[PDB]
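Accompanying notes for the structure given below.
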Amino acid sequence: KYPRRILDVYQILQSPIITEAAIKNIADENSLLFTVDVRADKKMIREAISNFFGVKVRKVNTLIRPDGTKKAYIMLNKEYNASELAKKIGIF
Amino acid sequence: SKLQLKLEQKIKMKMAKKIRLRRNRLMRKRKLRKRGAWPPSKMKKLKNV
Amino acid sequence: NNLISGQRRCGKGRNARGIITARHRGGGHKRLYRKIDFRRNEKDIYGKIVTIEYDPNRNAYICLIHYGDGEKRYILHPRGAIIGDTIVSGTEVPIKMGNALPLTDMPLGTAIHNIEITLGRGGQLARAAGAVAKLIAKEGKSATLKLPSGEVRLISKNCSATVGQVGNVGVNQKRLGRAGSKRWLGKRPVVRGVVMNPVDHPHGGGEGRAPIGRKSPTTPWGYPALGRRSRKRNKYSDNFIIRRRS
Amino acid sequence: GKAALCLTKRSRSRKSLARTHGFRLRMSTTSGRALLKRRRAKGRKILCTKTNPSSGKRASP
RNA sequence: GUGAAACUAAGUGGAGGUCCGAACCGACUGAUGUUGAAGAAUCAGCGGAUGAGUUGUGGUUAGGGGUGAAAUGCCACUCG
RNA sequence: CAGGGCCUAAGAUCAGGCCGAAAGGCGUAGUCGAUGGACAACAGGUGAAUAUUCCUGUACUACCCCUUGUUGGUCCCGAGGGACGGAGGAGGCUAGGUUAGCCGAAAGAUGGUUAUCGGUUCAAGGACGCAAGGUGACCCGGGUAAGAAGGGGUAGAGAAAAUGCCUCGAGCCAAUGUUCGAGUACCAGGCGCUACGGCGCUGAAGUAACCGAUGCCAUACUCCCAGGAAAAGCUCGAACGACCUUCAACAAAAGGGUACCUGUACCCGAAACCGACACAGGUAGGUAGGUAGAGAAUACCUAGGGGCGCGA
RNA sequence: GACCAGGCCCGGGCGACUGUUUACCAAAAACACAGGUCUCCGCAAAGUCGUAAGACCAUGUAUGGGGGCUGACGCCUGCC
RNA sequence: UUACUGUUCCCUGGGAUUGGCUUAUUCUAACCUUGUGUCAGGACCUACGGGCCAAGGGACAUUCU
Ligand SMILES: [Mg+2]
Ligand SMILES: [Mg+2]
Ligand SMILES: [Mg+2]
Ligand SMILES: [Mg+2]
Ligand SMILES: [Mg+2]
Ligand SMILES: [Mg+2]
Ligand SMILES: [Mg+2]
Ligand SMILES: [Mg+2]
Ligand SMILES: [Mg+2]
Ligand SMILES: [Mg+2]
Ligand SMILES: [Mg+2]
Ligand SMILES: [Mg+2]
Ligand SMILES: [Mg+2]
Ligand SMILES: [Mg+2]
Ligand SMILES: [Mg+2]
Ligand SMILES: [Mg+2]
Ligand SMILES: [Mg+2]
Ligand SMILES: [Mg+2]
Ligand SMILES: [Mg+2]
Ligand SMILES: [Mg+2]
Ligand SMILES: [Mg+2]
Ligand SMILES: [Mg+2]
Ligand SMILES: [Mg+2]
Ligand SMILES: [Mg+2]
Ligand SMILES: [Mg+2]
Ligand SMILES: [Mg+2]
Ligand SMILES: [Mg+2]
Ligand SMILES: [Mg+2]
Ligand SMILES: [Mg+2]
Ligand SMILES: [Mg+2]
Ligand SMILES: [Mg+2]
Ligand SMILES: [Mg+2]
Ligand SMILES: [Mg+2]
Ligand SMILES: [Mg+2]
Ligand SMILES: [Mg+2]
Ligand SMILES: [Mg+2]
Ligand SMILES: [Mg+2]
Ligand SMILES: [Mg+2]
Ligand SMILES: [Mg+2]
Ligand SMILES: [Mg+2]
Ligand SMILES: [Mg+2]
Ligand SMILES: [Mg+2]
Ligand SMILES: [Mg+2]
Ligand SMILES: [Mg+2]
Ligand SMILES: [Mg+2]
Ligand SMILES: [Mg+2]
Ligand SMILES: [Mg+2]
Ligand SMILES: [Mg+2]
Ligand SMILES: [Mg+2]
Ligand SMILES: [Mg+2]
């Protein structure tokens, strides 16, 4: 019942990434890029996106940068579309 | 009467024989993986070297 | 097989501090520890010999015992033993080799080994290869006997012991052909003090092959090396001694 | 095939060096607790040079 | 072969701090270098190379000390 | 995949306890501690910089749900097992290599010539199963009664185990191999485009023999003395004690669903580590081609990487 | 036929031999060595390290352990 | 080092720890040693140890002065 750690769930997602490679990844993989907290997990991020936008998450992959900042690859299920969700935010 | 024992004995050995070879196969994978030479995609590139 | 284990005191020669107390110990081949039964409890049951195994932790062989209750034990190997011989530990046991019993029920002039000095601690004396202790006499409370050193000690009567002589008597006959056989046992090279420097040993200095140059030979710690008896005066076991070895 | 005489630092792993010069090692003995007292009054930035975490980019494994 | 042994001829067997010789570990001679490419190396030969062998990783022994197949040698280019 | 969430050695700490001007020292269970044990994945493709990590295809492990059955279980505890040396050589296989065949292309201004050039490839895993290999009592091929692997039963402090007794059982052991995976996928070559990058179609044949491992069967066998870790996972099972419970727990097949933390860049027989240098040096381990050769020596070459950071 | 790839013989001294040693001027005739001898120790052992508790020796028991000298083997090892 | 002055290991005596009956020897109750003997908590201590009961020594020795 307990999570791994305890902190602000609304801080798990700071902001997305806007790069020519990231935008290229949305159309090919149906994925999304998000900078995340260092203390975050794949479970909290999976639960997070399920609540904000109301969409299913096929898989989550993460990594820690050299600067101590964690990044999160989020692949949505094929039923939904990351490009459609992208336009809802404002970024293409 | 005796066919029941002989018939069940072979099935009892086949399952153990089946699991025993699977055991020796995975340990062979764990062995050469520690050596660092298991993936054949990496070995065929280093066949002539 | 279950009596063998690898839990031993690694780091031979080194104490808790980690300094060398017993010198010239190190190297050597690895060896597991065998659990030998010296108390010889579980009395009044027969047990036969099946194997005659090699014990690296001693000079003598051992013998595996199989009792009717399924238990298994190790014991020393007597001299004329053969596979199939039985052994018993008790009081009214017949006086033959391999059996164990107190000294009260033994006759005079018996070949004895695996003697205990106190009840419960188990046998401590006459363990080595070809060892034997001859019972001279007994008188009331205690019983005197002879040891392999030739000394006549006075042991209590209620102490247990095993009959016969220890196996593999012919072990001194082989000479270690070379130095490598010595290092296999875990015995490092012995250096002579007369070659050292004066700071290391009292015999050190001097050009050429120096003589002793001292009133007597001395240990590395100053005391003499010959003649000085090291037995503690007024020891607790001083009355149990009949004479000195020779 | 012999290393020169001055090679006293053979690039040993940081895991072992932390077990010999790390923060937890100093706080065990009384001298190490006084060692840090000297380096704090000195005002040194890095109190223990030979230390690493159990995880992250610094982890030796 | 003998009364039985001792002894003795072949074959099998593949022992050894065995032999030659790379890696690996060592460093006997000479040259070169000697404000060196290098605070001990390069070049040409040399020794051991199944053993008392070599080596990694992780540890132990700390100075009126430790360690030393013992040179007063080594113990962070520092050791009477 | 590697490490942790599992185990333990060396060794370090140590509840209490013992000792001691202080600091503290010794020390029991216990806990930390990989250099070990245990535990589930491959091929191909994509490509400014990453992929056994992303995509495709085919698998595996754990947990949960579902469907029946069972209906006391789960720890503690007992036992088995894990569990191990060196040397030596023989045998059976494969990797790999060579040649041949097949397919395609080729005229490389010379005296002659195609004898030339290139390709001939594919894993983890699932299912089946093996000798003329090794092993297993009986004879000089046959016969025969015990006997192997692997099971069952029984007595005693006595569930399992151990010990003893009785009994069934000619077959067992595993690298390799067959088949699916495995598609006109991959591929030489050819047809067209160009900013010359590659793109887009097309895409034949895809076999055999010999040599043969330092690798696999293999802690297989033989010999020898120096006599060759531990714990957990796993498996079997009573009593005592503890916790929980009619499913809310154990157990079996299929199907379906779900899937923690850290490392992952780059150099690594080095210009990036260690040597104060972009230093003729040192740096564990893995992969091991062709000709000659006993050979991983040596000489010349392939893949691939280089022409040594002042020159004339 | 290249590269690669043992020079040998007679005699003597020391040490038996394989090995180890002064990292950076000494690899030896020095050290070690198997063996031999003397002496100590009967286990709560001697010895060794500690203020002490205690540890090693040893989970060993006089065919074993510690210490001194000598140093394969062969002939010997005298007198006070 | 058979230089001077000292320290330590070790040996010995007096005193404390330390007691009883006899003519120095014995006795057991202090003290020393041992137990895979036994009991013990939620459980274990066959993991040191603790309590109890035994065994061997015994007023010696260890320790302090
Ligand atoms: Mg990751
Ligand atoms: Mg090659
Ligand atoms: Mg000298
Ligand atoms: Mg002196
Ligand atoms: Mg002298
Ligand atoms: Mg002289
Ligand atoms: Mg090297
Ligand atoms: Mg040799
Ligand atoms: Mg050689
Ligand atoms: Mg050297
Ligand atoms: Mg050279
Ligand atoms: Mg050489
Ligand atoms: Mg030579
Ligand atoms: Mg030689
Ligand atoms: Mg220190
Ligand atoms: Mg000082
Ligand atoms: Mg130095
Ligand atoms: Mg893994
Ligand atoms: Mg405490
Ligand atoms: Mg402990
Ligand atoms: Mg643990
Ligand atoms: Mg590991
Ligand atoms: Mg894991
Ligand atoms: Mg790259
Ligand atoms: Mg076992
Ligand atoms: Mg032509
Ligand atoms: Mg039973
Ligand atoms: Mg990567
Ligand atoms: Mg990489
Ligand atoms: Mg390397
Ligand atoms: Mg280099
Ligand atoms: Mg330099
Ligand atoms: Mg070659
Ligand atoms: Mg070469
Ligand atoms: Mg060339
Ligand atoms: Mg140039
Ligand atoms: Mg340069
Ligand atoms: Mg240059
Ligand atoms: Mg030569
Ligand atoms: Mg002369
Ligand atoms: Mg010599
Ligand atoms: Mg030599
Ligand atoms: Mg020198
Ligand atoms: Mg030499
Ligand atoms: Mg020299
Ligand atoms: Mg020397
Ligand atoms: Mg003692
Ligand atoms: Mg000499
Ligand atoms: Mg008790
Ligand atoms: Mg107890």
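Bear in mind these aren't lab numbers, they're just calculated from the coordinates by the rules spelled out. All Cβ positions, even for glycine, are placed from backbone atoms using ideal geometry, and neighbour counts span all protein chains on display.
Give the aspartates and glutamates reachable from B:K17 as a straight Cα distance under 13 Å; neighbours fewer than 8 places away on the same chain don't count.
By straight Cα distance, B:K17 reaches no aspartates and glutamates at all.
Can you classify chain A as rounded, prolate or oblate using the Cα gyration tensor, where a ≥ b ≥ c are the square roots of its eigenvalues, rounded means a/c under 1.5, and otherwise it's prolate if a/b beats b/c and oblate if not?
Oblate.
Using only Cα positions of chain C, each an equal point scatterer, no hydration layer, compute I(q)/I(0) via Debye at q = 0.14, 0.16 Å⁻¹ and quote the log10 values to two decimals.
-1.11, -1.26
Cut-off under 19 Å on the C-alpha distance; same-chain residues fewer than 8 positions from C:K12 excluded. Which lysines are left, in chain and number order?
Within the straight-line cut-off, C:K12 pairs with C:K30, C:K182, C:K187.
Step through the residues of segment C:143-149 one at a time and calculate ³J(HN,Hα) from phi using the Karplus curve (6.51 cos²θ - 1.76 cosθ + 1.60, θ = phi - 60°), rounding each to whole Hz and writing x for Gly and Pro.
Whole-Hz 3J(HN,Hα) from phi for segment C:143-149: 9, 8, 7, 9, 10, x, 6.
Under the rule of -39500 (n - 2.57) per DSSP H run of 4 or more residues, summed and divided by the residues of chain C, what mean residue ellipticity at 222 nm is obtained, to the nearest 500 deg cm²/dmol?
The helix-only estimate for chain C comes to -500 deg cm²/dmol at 222 nm.
Would you list which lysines come within 18 Å of A:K24, measuring only between C-alpha atoms, while excluding same-chain residues fewer than 8 positions from it?
Hits, sequence-local ones excluded: A:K71, A:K78, A:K87, A:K88.
P(r) tail for segment D:3-59, what percent of Cα pairs lie past 14 Å?
Percentage above 14 Å: 63.
Using θ = phi - 60° and the Karplus relation 6.51 cos²θ - 1.76 cosθ + 1.60, list the HN-Hα couplings for segment A:28-42 in order, rounded to whole Hz, with x at every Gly or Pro.
Taking θ as phi minus 60°, the curve returns 7, 9, 6, 10, 8, 10, 8, 6, 10, 6, 5, 8, 7, 9, 6 Hz for segment A:28-42.
Ranking request for peptides C:162-175, D:8-21, B:30-43: highest mean number of other beta-carbon atoms within 10 Å first, then the rest in descending order.
In decreasing order of mean packing, C:162-175, D:8-21, B:30-43 become C:162-175, D:8-21, B:30-43.
Please arrange A:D37, A:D8, C:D105 by counting, for each residue, the other beta carbons lying within 10 Å of its beta carbon, fewest first.
With the fewest neighbours first, A:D37, A:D8, C:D105 line up as A:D8, C:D105, A:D37.
Enumerate the calculated ³J(HN,Hα) couplings along segment C:232-246 in order (Karplus 6.51 cos²θ - 1.76 cosθ + 1.60, θ = phi - 60°), each rounded to whole Hz, writing x wherever the residue is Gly or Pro.
5, 5, 6, 7, 4, 9, 7, 7, 7, 9, 8, 7, 9, 5, 6
In the neighborhood of B:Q4, defined by Cβ-to-Cβ distances under 15 Å, what is the net charge if each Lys or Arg adds +1 and each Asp or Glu adds -1?
Computed value for this residue: +3.
Counting only residues 5 or more places away or on other chains, whose amide H sits under 5 Å from the amide H of C:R73 once H atoms are built in the peptide plane?
C:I65
Just to confirm my numbers, what's the Cα centroid distance between segment C:182-246 and segment C:1-56 in Å?
If we compute the Cα centre of each part, the gap is 29 Å.
Bin width 10 Å, alpha-carbon pairs only: give the P(r) of the protein assembly as shown as whole percents, running from 0 to the bin holding the largest distance.
3, 10, 12, 15, 14, 14, 12, 10, 7, 3, 1, 0
Size of the dipole of chain B about the Cα centre, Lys and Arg at +1 and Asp and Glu at -1 on the beta carbon, nothing else charged, in debye to 20?
220
Rounding to the nearest 10 and keeping the result within 0 to 90°, find how far the Cα-based axis of helix D:30-42 lies from the longest principal axis of chain D.
Computed tilt is about 80 degrees.
Just C:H201, C:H66, C:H113 to compare: in a GNM of chain C, with alpha carbon springs under 10 Å, which one fluctuates most?
Taking springs between Cα atoms under 10 Å, the residue moving most is C:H201.
Name the residue, out of A:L32, A:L63, A:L76, whose mean-square fluctuation peaks in a Gaussian network model built on chain A with Cα pairs under 10 Å.
Of A:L32, A:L63, A:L76, the most mobile in the Gaussian network model is A:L63.
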